[PDB]
């Protein structure tokens, strides 16, 4: 049951500081499967791509083994099964044009090995970060 829960396009404000950002469409992909040391750990894969650029490929791979730490650090209320569903609900609503939330992706440093994907909500008073995830480049 290695299932794709989301494969879609979303607008993202991207930047490598100190450069100023651009807003552009990115592919986003969320899949559950198996991995880890003996091939049996449940994983959640979150991938971000640029259709117009192959070098742009960043991934977070989250193992159930590390979830408790991850959960505590982000103050998540959902369990490992719930986590990717929650994420997908948000991302799908943003893709549909049907959400109050925005996406930002900030690279470190081209020669960037990682970026931080943020889900943001702008209230009357400020922008509020709902979640941040670190995604690593490869391939």
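Numbering follows the first chain given and starts at 1.
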property: Residues of the deposited sequence that sit between residue 110 and residue 109 yet are not modelled; result: 1 to 3
property: Comparing 80-88 with 49-57, the one whose average Cα B-factor in the PDB entry is higher; result: 49-57
property: Stretch with the higher entry mean CA B-factor, where the candidates are 110-118 and 36-44; result: 110-118
property: Out of 95, 103, 26, 74, highest CA B-factor residue; result: 95
property: Residue 15 - which third its CA temperature factor falls in, relative to the rest of the chain; result: middle
